[PDB]
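Printed here is data_33.cif (mmCIF, C-alpha atoms):
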data_run
#
loop_
_atom_site.label_atom_id
_atom_site.label_comp_id
_atom_site.auth_asym_id
_atom_site.auth_seq_id
_atom_site.Cartn_x
_atom_site.Cartn_y
_atom_site.Cartn_z
CA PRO F 846 0.00 0.00 0.00
CA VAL F 847 1.08 3.67 -0.04
CA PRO F 848 0.92 5.62 3.26
CA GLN F 849 1.94 8.82 1.31
CA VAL F 850 2.28 11.00 4.48
CA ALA F 851 4.20 14.29 4.82
CA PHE F 852 4.16 16.69 7.82
CA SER F 853 5.72 20.10 8.60
CA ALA F 854 4.47 23.25 10.41
CA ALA F 855 5.91 26.75 10.95
CA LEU F 856 5.67 29.10 13.96
CA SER F 857 5.86 32.92 13.63
CA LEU F 858 3.47 34.44 16.30
CA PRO F 859 3.69 38.25 16.83
CA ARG F 860 5.49 39.09 20.15
CA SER F 861 5.40 38.05 23.91
CA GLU F 862 3.41 34.80 24.15
CA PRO F 863 1.64 33.54 27.30
CA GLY F 864 3.89 30.43 27.22
CA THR F 865 5.18 27.89 24.67
CA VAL F 866 4.43 28.51 20.97
CA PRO F 867 1.88 26.51 18.94
CA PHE F 868 1.92 26.41 15.08
CA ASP F 869 -0.43 28.18 12.61
CA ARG F 870 1.52 27.75 9.32
CA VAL F 871 0.00 24.58 7.77
CA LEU F 872 2.57 23.90 5.01
CA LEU F 873 1.90 20.16 4.41
CA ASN F 874 0.42 17.66 6.95
CA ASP F 875 -3.18 16.40 6.59
CA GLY F 876 -3.01 13.70 9.32
CA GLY F 877 -0.81 15.90 11.57
CA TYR F 878 0.32 12.74 13.47
CA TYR F 879 2.75 14.59 15.80
CA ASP F 880 1.26 17.48 17.85
CA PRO F 881 4.05 20.10 18.28
CA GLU F 882 1.92 21.84 20.98
CA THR F 883 2.66 18.93 23.33
CA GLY F 884 5.43 17.33 21.18
CA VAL F 885 3.67 13.96 21.56
CA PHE F 886 4.84 12.41 18.28
CA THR F 887 2.84 9.24 17.46
CA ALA F 888 4.62 7.81 14.37
CA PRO F 889 2.82 4.94 12.57
CA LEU F 890 4.96 5.55 9.38
CA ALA F 891 7.11 2.40 10.01
CA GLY F 892 9.99 2.63 7.49
CA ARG F 893 12.79 5.15 6.88
CA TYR F 894 11.88 8.87 7.23
CA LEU F 895 13.83 12.17 6.90
CA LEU F 896 13.69 14.26 10.11
CA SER F 897 15.05 17.82 10.54
CA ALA F 898 14.78 20.04 13.65
CA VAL F 899 15.89 23.70 13.76
CA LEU F 900 18.51 24.36 16.49
CA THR F 901 18.29 27.74 18.26
CA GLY F 902 21.79 29.01 19.16
CA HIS F 903 21.16 30.39 22.70
CA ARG F 904 24.87 30.56 23.68
CA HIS F 905 23.81 31.64 27.25
CA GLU F 906 24.41 27.91 28.36
CA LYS F 907 21.91 25.23 29.67
CA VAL F 908 21.54 21.69 28.17
CA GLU F 909 18.76 20.84 25.68
CA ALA F 910 18.33 17.16 24.67
CA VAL F 911 15.08 15.56 23.42
CA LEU F 912 14.15 12.22 25.11
CA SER F 913 13.82 9.23 22.73
CA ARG F 914 11.28 6.39 23.20
CA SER F 915 12.58 2.88 24.26
CA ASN F 916 15.77 4.30 25.88
CA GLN F 917 14.94 7.78 27.40
CA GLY F 918 17.95 10.24 27.04
CA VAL F 919 19.16 9.43 23.46
CA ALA F 920 19.72 12.91 21.96
CA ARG F 921 18.63 12.75 18.29
CA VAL F 922 17.97 16.50 18.39
CA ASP F 923 20.97 17.28 20.62
CA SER F 924 21.75 20.83 21.73
CA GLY F 925 24.37 21.32 24.45
CA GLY F 926 24.32 25.07 25.05
CA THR F 946 22.97 2.09 25.07
CA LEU F 947 22.62 5.90 24.83
CA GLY F 948 23.95 7.82 21.79
CA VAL F 949 23.09 10.84 19.60
CA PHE F 950 22.20 10.69 15.87
CA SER F 951 20.87 13.33 13.43
CA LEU F 952 20.44 12.00 9.85
CA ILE F 953 18.74 8.53 10.21
CA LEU F 954 15.91 7.82 12.81
CA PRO F 955 15.54 4.53 14.73
CA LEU F 956 11.86 4.87 15.84
CA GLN F 957 9.43 2.12 16.95
CA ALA F 958 5.90 1.90 15.34
CA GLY F 959 3.48 3.91 17.57
CA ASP F 960 6.23 4.90 20.06
CA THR F 961 6.38 8.63 21.03
CA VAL F 962 9.21 11.20 21.35
CA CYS F 963 9.31 13.91 24.06
CA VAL F 964 11.68 16.88 24.69
CA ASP F 965 13.56 17.33 27.98
CA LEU F 966 13.90 21.06 28.72
CA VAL F 967 15.25 21.17 32.31
CA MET F 968 19.04 21.09 32.98
CA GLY F 969 19.71 23.80 35.59
CA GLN F 970 17.10 25.84 37.54
CA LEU F 971 19.00 29.11 38.21
CA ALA F 972 18.81 30.47 34.64
CA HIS F 973 17.01 33.18 32.61
CA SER F 974 13.48 33.45 31.15
CA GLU F 975 13.06 33.39 27.34
CA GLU F 976 10.62 32.22 24.62
CA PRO F 977 12.35 31.35 21.32
CA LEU F 978 10.67 30.00 18.16
CA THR F 979 11.27 26.63 16.41
CA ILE F 980 10.36 25.03 13.04
CA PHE F 981 9.65 21.26 12.97
CA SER F 982 9.56 19.65 9.49
CA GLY F 983 9.88 15.90 8.69
CA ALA F 984 8.88 14.25 5.37
CA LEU F 985 8.27 10.55 4.51
CA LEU F 986 11.07 9.04 2.37
CA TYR F 987 10.34 5.29 2.05
CA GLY F 988 7.85 3.02 3.92
CA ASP F 989 8.23 -0.71 4.79
CA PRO F 990 6.56 -2.60 1.92
CA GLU F 991 5.95 -5.95 3.72
CA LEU F 992 9.60 -7.02 3.15
CA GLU F 993 8.73 -10.23 5.10
CA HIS F 994 9.84 -13.75 4.06
CA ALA F 995 8.18 -16.80 5.74
CA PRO R 846 6.82 8.92 -16.93
CA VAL R 847 10.19 9.68 -15.29
CA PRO R 848 11.48 13.29 -15.39
CA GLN R 849 14.78 12.08 -13.71
CA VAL R 850 16.14 15.64 -13.17
CA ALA R 851 18.99 16.69 -10.85
CA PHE R 852 20.66 20.14 -10.67
CA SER R 853 23.42 21.67 -8.50
CA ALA R 854 26.47 23.90 -9.22
CA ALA R 855 29.42 25.25 -7.17
CA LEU R 856 31.04 28.72 -7.15
CA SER R 857 34.76 29.21 -6.35
CA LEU R 858 36.15 32.03 -8.65
CA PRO R 859 39.64 33.41 -7.75
CA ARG R 860 39.28 36.87 -6.08
CA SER R 861 37.53 40.31 -6.61
CA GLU R 862 34.73 39.87 -9.17
CA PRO R 863 33.15 42.74 -11.16
CA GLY R 864 29.80 42.02 -9.43
CA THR R 865 27.66 38.99 -8.47
CA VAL R 866 29.14 35.50 -9.06
CA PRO R 867 28.13 32.97 -11.75
CA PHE R 868 28.81 29.18 -11.45
CA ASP R 869 31.45 27.10 -13.31
CA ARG R 870 31.40 23.80 -11.34
CA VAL R 871 28.93 21.59 -13.27
CA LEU R 872 28.42 18.76 -10.74
CA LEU R 873 25.08 17.38 -12.06
CA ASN R 874 22.45 19.37 -14.04
CA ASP R 875 21.92 18.77 -17.78
CA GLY R 876 18.67 20.79 -18.21
CA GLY R 877 19.84 23.49 -15.75
CA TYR R 878 16.16 24.45 -15.13
CA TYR R 879 16.94 27.24 -12.59
CA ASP R 880 19.41 29.94 -13.76
CA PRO R 881 21.47 30.91 -10.66
CA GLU R 882 22.81 33.98 -12.56
CA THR R 883 19.35 35.57 -12.39
CA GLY R 884 17.88 33.13 -9.80
CA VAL R 885 14.83 32.66 -12.06
CA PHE R 886 13.96 29.08 -11.01
CA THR R 887 11.39 27.53 -13.40
CA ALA R 888 10.49 24.18 -11.78
CA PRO R 889 8.44 21.78 -13.96
CA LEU R 890 9.28 18.82 -11.59
CA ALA R 891 5.72 18.83 -10.07
CA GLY R 892 5.93 16.49 -7.05
CA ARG R 893 8.05 16.47 -3.89
CA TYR R 894 11.63 17.78 -4.31
CA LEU R 895 14.62 18.34 -1.96
CA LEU R 896 15.99 21.93 -1.92
CA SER R 897 19.03 23.15 0.07
CA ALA R 898 20.65 26.63 0.08
CA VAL R 899 23.94 27.48 1.85
CA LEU R 900 23.59 30.33 4.40
CA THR R 901 26.52 32.78 4.61
CA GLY R 902 26.98 34.01 8.21
CA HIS R 903 27.75 37.75 7.64
CA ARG R 904 27.02 38.80 11.26
CA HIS R 905 27.54 42.50 10.22
CA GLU R 906 23.60 42.89 10.26
CA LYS R 907 21.09 43.58 7.38
CA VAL R 908 18.11 41.30 6.55
CA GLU R 909 18.34 38.69 3.77
CA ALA R 910 15.09 36.87 2.81
CA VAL R 911 14.37 35.24 -0.57
CA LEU R 912 10.99 36.23 -2.12
CA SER R 913 8.56 33.37 -2.86
CA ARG R 914 6.14 33.42 -5.85
CA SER R 915 2.33 33.80 -5.13
CA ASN R 916 2.89 35.65 -1.80
CA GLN R 917 6.12 37.78 -2.10
CA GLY R 918 8.07 37.91 1.29
CA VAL R 919 7.78 34.23 2.47
CA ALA R 920 11.31 33.45 3.73
CA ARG R 921 12.04 29.79 2.86
CA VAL R 922 15.76 30.61 2.67
CA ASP R 923 15.59 33.04 5.61
CA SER R 924 18.69 34.84 6.91
CA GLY R 925 18.23 37.64 9.47
CA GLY R 926 21.75 38.86 10.25
CA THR R 946 -0.38 33.94 4.80
CA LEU R 947 3.39 34.56 5.12
CA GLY R 948 5.66 32.03 6.87
CA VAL R 949 9.20 30.57 6.64
CA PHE R 950 10.00 26.89 5.90
CA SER R 951 13.33 25.11 5.24
CA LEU R 952 12.91 21.33 4.77
CA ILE R 953 9.77 20.94 2.50
CA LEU R 954 9.05 23.26 -0.56
CA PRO R 955 5.51 24.26 -1.64
CA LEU R 956 6.16 25.30 -5.29
CA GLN R 957 3.68 25.62 -8.21
CA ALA R 958 4.46 23.89 -11.61
CA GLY R 959 6.38 26.53 -13.67
CA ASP R 960 6.61 28.80 -10.58
CA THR R 961 9.62 31.17 -10.27
CA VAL R 962 11.68 31.93 -7.12
CA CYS R 963 13.54 35.25 -6.63
CA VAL R 964 15.73 36.65 -3.80
CA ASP R 965 15.28 40.09 -2.19
CA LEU R 966 18.65 41.50 -1.10
CA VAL R 967 17.83 45.07 0.06
CA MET R 968 16.93 45.76 3.74
CA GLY R 969 18.86 48.92 4.72
CA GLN R 970 20.79 51.30 2.41
CA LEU R 971 23.50 52.66 4.75
CA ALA R 972 25.62 49.47 4.87
CA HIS R 973 28.96 48.08 3.58
CA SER R 974 30.09 46.67 0.21
CA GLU R 975 31.00 42.95 0.00
CA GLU R 976 30.87 39.97 -2.41
CA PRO R 977 30.48 36.61 -0.63
CA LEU R 978 30.17 33.18 -2.31
CA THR R 979 27.18 30.77 -2.26
CA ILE R 980 26.55 27.11 -3.21
CA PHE R 981 23.12 26.18 -4.64
CA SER R 982 22.36 22.43 -4.77
CA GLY R 983 18.87 20.84 -5.10
CA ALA R 984 18.12 17.21 -6.11
CA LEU R 985 14.81 15.62 -7.30
CA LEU R 986 13.29 13.25 -4.71
CA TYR R 987 9.87 12.09 -6.01
CA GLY R 988 7.63 13.39 -8.86
CA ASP R 989 3.79 13.37 -9.07
CA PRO R 990 2.88 10.20 -11.03
CA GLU R 991 -0.66 11.17 -12.18
CA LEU R 992 -2.14 10.34 -8.74
CA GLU R 993 -5.55 11.43 -10.18
CA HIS R 994 -8.83 9.53 -9.59
CA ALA R 995 -11.95 10.44 -11.66
CA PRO S 846 17.69 -5.78 -7.88
CA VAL S 847 17.52 -3.96 -4.52
CA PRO S 848 20.83 -3.15 -2.75
CA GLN S 849 18.78 -1.78 0.25
CA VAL S 850 21.87 -0.46 2.14
CA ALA S 851 21.94 2.16 4.93
CA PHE S 852 24.93 3.13 7.12
CA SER S 853 25.48 5.50 10.09
CA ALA S 854 27.52 5.28 13.33
CA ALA S 855 27.86 7.53 16.42
CA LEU S 856 30.90 8.29 18.61
CA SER S 857 30.58 9.25 22.31
CA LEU S 858 33.65 7.73 24.17
CA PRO S 859 34.19 8.87 27.81
CA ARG S 860 37.17 11.32 28.08
CA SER S 861 40.87 11.61 26.90
CA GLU S 862 41.39 9.03 24.13
CA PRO S 863 44.78 7.56 23.12
CA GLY S 864 44.28 9.03 19.61
CA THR S 865 41.51 9.29 16.98
CA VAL S 866 38.00 8.11 17.94
CA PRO S 867 36.40 4.89 16.64
CA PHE S 868 32.59 4.28 16.73
CA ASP S 869 30.58 2.01 19.09
CA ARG S 870 27.00 3.26 18.41
CA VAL S 871 25.68 0.85 15.72
CA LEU S 872 22.52 2.72 14.65
CA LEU S 873 22.00 1.16 11.17
CA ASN S 874 24.71 -0.40 8.92
CA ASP S 875 24.95 -4.20 8.48
CA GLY S 876 27.58 -4.18 5.67
CA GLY S 877 29.45 -1.21 7.23
CA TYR S 878 31.09 -0.52 3.81
CA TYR S 879 33.00 2.61 4.99
CA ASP S 880 35.32 2.14 8.02
CA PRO S 881 35.31 5.47 9.95
CA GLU S 882 38.35 4.23 11.97
CA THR S 883 40.50 4.69 8.86
CA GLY S 884 37.90 6.66 6.81
CA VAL S 885 38.52 4.28 3.88
CA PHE S 886 35.06 4.54 2.29
CA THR S 887 34.54 1.80 -0.34
CA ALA S 888 31.18 2.69 -1.96
CA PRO S 889 29.67 0.03 -4.28
CA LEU S 890 26.18 1.71 -3.98
CA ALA S 891 26.39 3.20 -7.55
CA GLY S 892 23.42 5.60 -7.80
CA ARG S 893 22.38 8.75 -5.92
CA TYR S 894 22.93 8.76 -2.12
CA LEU S 895 22.32 11.31 0.69
CA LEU S 896 25.54 12.16 2.60
CA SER S 897 25.78 14.31 5.76
CA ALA S 898 28.92 15.03 7.83
CA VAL S 899 28.89 16.92 11.16
CA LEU S 900 31.14 20.03 11.11
CA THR S 901 32.98 20.84 14.37
CA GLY S 902 33.29 24.63 14.81
CA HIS S 903 36.91 24.90 16.12
CA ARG S 904 37.25 28.67 15.43
CA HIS S 905 40.96 28.47 16.54
CA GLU S 906 41.90 28.41 12.71
CA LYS S 907 43.58 25.63 10.56
CA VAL S 908 42.12 24.25 7.27
CA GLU S 909 40.12 20.99 7.16
CA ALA S 910 39.14 19.60 3.70
CA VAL S 911 38.44 15.92 2.90
CA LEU S 912 40.21 14.56 -0.24
CA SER S 913 37.89 13.20 -2.96
CA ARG S 914 38.75 10.21 -5.22
CA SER S 915 39.51 10.87 -8.97
CA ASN S 916 40.59 14.52 -8.34
CA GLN S 917 42.28 14.72 -4.85
CA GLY S 918 41.45 18.11 -3.09
CA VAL S 919 37.70 18.51 -3.94
CA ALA S 920 36.17 19.56 -0.59
CA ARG S 921 32.74 17.89 -0.33
CA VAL S 922 33.01 18.10 3.46
CA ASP S 923 34.71 21.51 3.46
CA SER S 924 35.72 23.22 6.70
CA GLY S 925 37.96 26.29 6.49
CA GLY S 926 38.61 27.15 10.13
CA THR S 946 38.53 20.82 -12.00
CA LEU S 947 38.41 21.29 -8.19
CA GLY S 948 35.22 22.50 -6.46
CA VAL S 949 33.25 21.98 -3.22
CA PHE S 950 29.73 20.48 -2.99
CA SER S 951 27.58 19.39 -0.01
CA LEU S 952 24.10 18.10 -1.02
CA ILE S 953 24.71 15.76 -4.07
CA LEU S 954 27.73 13.31 -4.29
CA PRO S 955 29.64 12.53 -7.52
CA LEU S 956 31.36 9.25 -6.46
CA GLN S 957 32.82 6.49 -8.67
CA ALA S 958 31.84 2.78 -8.05
CA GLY S 959 34.46 1.26 -5.68
CA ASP S 960 36.46 4.53 -5.43
CA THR S 961 37.46 5.64 -1.88
CA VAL S 962 37.33 8.98 0.02
CA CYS S 963 40.03 10.11 2.50
CA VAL S 964 40.28 13.14 4.85
CA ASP S 965 43.22 15.58 4.73
CA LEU S 966 43.93 16.85 8.26
CA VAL S 967 47.25 18.76 7.90
CA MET S 968 47.27 22.49 6.97
CA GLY S 969 49.77 24.15 9.35
CA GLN S 970 52.14 22.40 11.80
CA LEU S 971 52.54 25.06 14.54
CA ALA S 972 49.07 24.59 16.09
CA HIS S 973 47.41 23.13 19.22
CA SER S 974 46.57 19.55 20.31
CA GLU S 975 42.89 18.51 20.54
CA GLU S 976 40.60 15.47 20.06
CA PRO S 977 37.05 16.41 19.00
CA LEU S 978 34.20 13.99 18.20
CA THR S 979 32.33 13.54 14.87
CA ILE S 980 29.14 11.78 13.67
CA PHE S 981 29.14 10.25 10.16
CA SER S 982 25.71 9.25 8.78
CA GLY S 983 24.80 8.60 5.09
CA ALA S 984 21.68 6.74 3.86
CA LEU S 985 20.88 5.20 0.42
CA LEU S 986 18.28 7.22 -1.54
CA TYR S 987 18.04 5.64 -5.02
CA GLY S 988 20.27 3.05 -6.80
CA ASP S 989 21.01 2.75 -10.56
CA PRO S 990 18.44 0.26 -11.90
CA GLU S 991 20.27 -0.77 -15.13
CA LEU S 992 19.08 2.41 -16.93
CA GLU S 993 21.10 1.19 -19.97
CA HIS S 994 19.84 1.31 -23.59
CA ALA S 995 21.73 -0.68 -26.29
#
As structure tokens, what does this structure read like?
Amino acid sequence: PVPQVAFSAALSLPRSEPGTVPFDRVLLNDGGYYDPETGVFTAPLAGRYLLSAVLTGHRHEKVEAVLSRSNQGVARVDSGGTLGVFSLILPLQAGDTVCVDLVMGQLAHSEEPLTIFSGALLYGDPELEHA
Amino acid sequence: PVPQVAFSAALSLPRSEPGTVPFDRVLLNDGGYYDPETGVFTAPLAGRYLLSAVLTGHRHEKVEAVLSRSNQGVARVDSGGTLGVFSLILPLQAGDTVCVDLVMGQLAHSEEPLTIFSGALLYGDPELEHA
Amino acid sequence: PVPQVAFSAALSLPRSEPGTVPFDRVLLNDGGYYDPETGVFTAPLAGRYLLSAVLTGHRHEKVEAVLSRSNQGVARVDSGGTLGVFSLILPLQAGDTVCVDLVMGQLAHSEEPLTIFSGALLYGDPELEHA
């Protein structure tokens, strides 16, 4: 079959927001699949997919590292301003969910950056089984 | 059918040029399709394609943002040293034309950087119609 | 036929290493094909592939440029801290091998950074011949 799924959204709100930023730029993503408002990414794709996250510089320090399902830790989108970090590929389980850790030092500063999260389907698993 | 099109060129001229730079490194692009001398990109591909522009740092300030056909503004290749900015995907119309705006402040300095413009075909629209 | 090959490894050793870093994070690469311990990349893929190298900043100066088979020089993974530099595409010969040049100034400092080398197959040459 052909899952033909693509997904990508852009954030550009005006100024001071009440908290974290949602996404109003629907560029391409009918099913949505991964809500960037909560970051709860439910990926049924099953296959090989191209993921790309935009890394804010923020040289003021702190450690950003997104959790990865099945191992926790695992920085695929690593930002240092059984466990390893990867960027190109994407070892993800069917239905599993990814979550961002954003807490590595309390005494810090207050800020609200912006981030773009795109990720398009490249190839899906076409059975590929052999009894 | 199979449009099988790829296009990408590299710039590396010696030193001071009389103005903007052309491209003499033919890596892979028989049809050419998008003239990087004028930037008039006529894309007949129609489908999903992979585009990648190289961002010069130039921290000296000024705002670089490439125009996008149908809306004007629209920074897909955004560089800040209905309208939104995207990097991974590429919503382009068949025959559409992309153009860069490079004017956001007159009182500035004179310089001539270099830029690499690669972009390879990923998947094309194979009819996909259903009466 | 279907070569179905993917390859990518991650390095994260503890602290001071005796020399260059190997790779213990097997993310996806059964054949291996390109040993990152020596960098001797033997690519039989033959087709179009997506390559991505991670560039360490190292603003302390020096010139890093990976050699390219068939021409020598040719900086595909260029880092300046018949010959041209490209990043997206990948003009590689079947069986040829790529090697990194890491010597552009003797009077320098001693350091041992880390690097991630991923590269996944996109499309292979399916005969495409026409007597």
What residues come out when you apply the PyMOL selection byres ((chain S) within 12 of (chain R)) to this file, written as a list in words?
-> residues 893, 894, 895, 919, 920, 921, 923, 946, 947, 948, 949, 950, 951, 952, 953, 954, 955, 956, 986, 987, 989 and 992 of chain S
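When the PyMOL selection byres ((chain R and resi 903-917) around 9) is evaluated against the file, it yields residues 901, 902, 918, 919, 920, 921, 922, 923, 924, 925, 926, 946, 947, 956, 957, 960, 961, 962, 963, 964, 965, 966, 967, 968, 969, 972, 973 and 977 of chain R.
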Fitted chain R, least squares over ordered Cα pairs with chain S, as a tab-separated table (two decimals) with C-alpha atoms, in the frame of the given file:
chain	number	residue	atom	x	y	z
R	846	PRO	CA	17.90	-5.79	-7.89
R	847	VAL	CA	17.71	-3.98	-4.53
R	848	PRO	CA	20.99	-3.27	-2.67
R	849	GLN	CA	18.92	-1.85	0.30
R	850	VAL	CA	22.00	-0.52	2.19
R	851	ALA	CA	22.04	2.01	5.05
R	852	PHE	CA	25.04	2.97	7.24
R	853	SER	CA	25.58	5.46	10.10
R	854	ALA	CA	27.37	5.29	13.50
R	855	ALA	CA	27.74	7.62	16.52
R	856	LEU	CA	30.80	8.43	18.67
R	857	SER	CA	30.47	9.37	22.38
R	858	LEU	CA	33.45	7.76	24.32
R	859	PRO	CA	33.99	8.99	27.94
R	860	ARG	CA	37.03	11.37	28.05
R	861	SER	CA	40.75	11.58	26.91
R	862	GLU	CA	41.34	8.95	24.21
R	863	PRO	CA	44.79	7.61	23.21
R	864	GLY	CA	44.29	9.09	19.71
R	865	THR	CA	41.53	9.34	17.06
R	866	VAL	CA	38.05	8.02	17.99
R	867	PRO	CA	36.36	4.83	16.72
R	868	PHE	CA	32.53	4.30	16.77
R	869	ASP	CA	30.48	2.07	19.13
R	870	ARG	CA	26.90	3.27	18.45
R	871	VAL	CA	25.60	0.86	15.76
R	872	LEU	CA	22.42	2.71	14.67
R	873	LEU	CA	21.93	1.07	11.22
R	874	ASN	CA	24.71	-0.47	9.05
R	875	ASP	CA	25.02	-4.25	8.62
R	876	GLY	CA	27.60	-4.28	5.77
R	877	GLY	CA	29.48	-1.27	7.23
R	878	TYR	CA	30.89	-0.51	3.72
R	879	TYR	CA	32.90	2.59	4.81
R	880	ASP	CA	35.34	2.08	7.74
R	881	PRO	CA	35.26	5.34	9.77
R	882	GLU	CA	38.40	4.18	11.68
R	883	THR	CA	40.47	4.64	8.52
R	884	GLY	CA	37.82	6.62	6.55
R	885	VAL	CA	38.36	4.26	3.58
R	886	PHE	CA	34.84	4.49	2.09
R	887	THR	CA	34.29	1.79	-0.57
R	888	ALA	CA	30.87	2.62	-2.08
R	889	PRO	CA	29.37	-0.06	-4.37
R	890	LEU	CA	25.88	1.62	-4.14
R	891	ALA	CA	26.16	3.05	-7.73
R	892	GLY	CA	23.23	5.49	-8.05
R	893	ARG	CA	22.18	8.60	-6.12
R	894	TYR	CA	22.93	8.53	-2.36
R	895	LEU	CA	22.46	10.98	0.56
R	896	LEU	CA	25.68	11.83	2.48
R	897	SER	CA	25.92	14.08	5.58
R	898	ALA	CA	28.99	14.87	7.73
R	899	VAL	CA	28.88	16.83	11.02
R	900	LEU	CA	31.14	19.94	11.01
R	901	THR	CA	32.96	20.72	14.28
R	902	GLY	CA	33.30	24.51	14.75
R	903	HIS	CA	36.89	24.78	16.14
R	904	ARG	CA	37.25	28.53	15.40
R	905	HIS	CA	40.94	28.34	16.56
R	906	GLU	CA	41.97	28.40	12.74
R	907	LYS	CA	43.67	25.71	10.52
R	908	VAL	CA	42.16	24.36	7.26
R	909	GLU	CA	40.20	21.08	7.21
R	910	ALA	CA	39.20	19.70	3.76
R	911	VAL	CA	38.47	16.03	2.96
R	912	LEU	CA	40.32	14.69	-0.13
R	913	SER	CA	38.14	13.31	-2.95
R	914	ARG	CA	39.23	10.36	-5.18
R	915	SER	CA	40.08	11.10	-8.91
R	916	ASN	CA	41.06	14.76	-8.23
R	917	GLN	CA	42.63	14.98	-4.69
R	918	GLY	CA	41.70	18.34	-2.91
R	919	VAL	CA	37.96	18.68	-3.85
R	920	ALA	CA	36.35	19.79	-0.56
R	921	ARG	CA	32.89	18.15	-0.39
R	922	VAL	CA	33.09	18.20	3.42
R	923	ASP	CA	34.83	21.60	3.50
R	924	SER	CA	35.77	23.31	6.78
R	925	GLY	CA	37.99	26.41	6.64
R	926	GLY	CA	38.41	27.49	10.27
R	946	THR	CA	38.56	20.78	-12.06
R	947	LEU	CA	38.45	21.28	-8.26
R	948	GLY	CA	35.26	22.46	-6.52
R	949	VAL	CA	33.31	21.97	-3.25
R	950	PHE	CA	29.79	20.46	-3.02
R	951	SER	CA	27.66	19.47	0.01
R	952	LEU	CA	24.19	18.18	-0.99
R	953	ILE	CA	24.83	15.83	-4.03
R	954	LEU	CA	27.83	13.35	-4.21
R	955	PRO	CA	29.62	12.46	-7.49
R	956	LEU	CA	31.29	9.14	-6.49
R	957	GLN	CA	32.64	6.32	-8.74
R	958	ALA	CA	31.57	2.64	-8.08
R	959	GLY	CA	34.23	1.23	-5.65
R	960	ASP	CA	35.71	4.75	-5.22
R	961	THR	CA	37.42	5.61	-1.89
R	962	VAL	CA	37.14	8.88	0.11
R	963	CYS	CA	39.91	10.11	2.45
R	964	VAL	CA	40.29	13.21	4.69
R	965	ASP	CA	43.33	15.53	4.72
R	966	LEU	CA	43.89	16.95	8.21
R	967	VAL	CA	47.22	18.85	7.92
R	968	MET	CA	47.25	22.58	6.96
R	969	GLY	CA	49.76	24.25	9.32
R	970	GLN	CA	52.21	22.54	11.72
R	971	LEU	CA	52.57	25.16	14.49
R	972	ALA	CA	49.12	24.61	16.06
R	973	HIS	CA	47.49	23.10	19.20
R	974	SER	CA	46.66	19.52	20.26
R	975	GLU	CA	42.98	18.51	20.56
R	976	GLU	CA	40.64	15.51	20.08
R	977	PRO	CA	37.10	16.50	19.06
R	978	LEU	CA	34.21	14.11	18.29
R	979	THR	CA	32.38	13.59	14.95
R	980	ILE	CA	29.16	11.85	13.79
R	981	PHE	CA	29.15	10.21	10.33
R	982	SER	CA	25.70	9.25	8.99
R	983	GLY	CA	24.82	8.53	5.31
R	984	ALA	CA	21.67	6.74	4.04
R	985	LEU	CA	20.95	5.18	0.58
R	986	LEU	CA	18.37	7.17	-1.43
R	987	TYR	CA	18.11	5.60	-4.93
R	988	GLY	CA	20.34	3.07	-6.78
R	989	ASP	CA	21.02	2.80	-10.56
R	990	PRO	CA	18.54	0.19	-11.87
R	991	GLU	CA	20.31	-0.78	-15.14
R	992	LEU	CA	19.03	2.38	-16.91
R	993	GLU	CA	20.96	1.16	-20.02
R	994	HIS	CA	19.55	1.28	-23.59
R	995	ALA	CA	21.39	-0.59	-26.41
Record the distance separating CA of residue 850 (chain S) and CA of residue 882 (chain S), expressed in Å with one decimal.
->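 Value for the CA of residue 850 (chain S)-CA of residue 882 (chain S) distance: 19.8 Å.
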Straight-line distance linking CA of residue 959 (chain R) with CA of residue 849 (chain R), stated in Å to one decimal =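 Taking CA of residue 959 (chain R) as the start and CA of residue 849 (chain R) as the end point, the length is 16.7 Å.
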Atom pair CA of residue 890 (chain R) / CA of residue 988 (chain R): separation (Å) =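 Calculated distance between CA of residue 890 (chain R) and CA of residue 988 (chain R) is 6.3 Å.
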Coordinates of box centre and edge lengths for region 864-883 of chain S, 3 Å on every side, axis-aligned, as lines of an AutoDock Vina configuration file:
center_x = 33.1
center_y = 2.5
center_z = 11.7
size_x = 28.3
size_y = 19.5
size_z = 21.8
Selection dump of the PyMOL selection byres ((chain R and resi 875-878) around 7), as an NGL selection string = :R and (852 or 873-874 or 879-880 or 886-888)
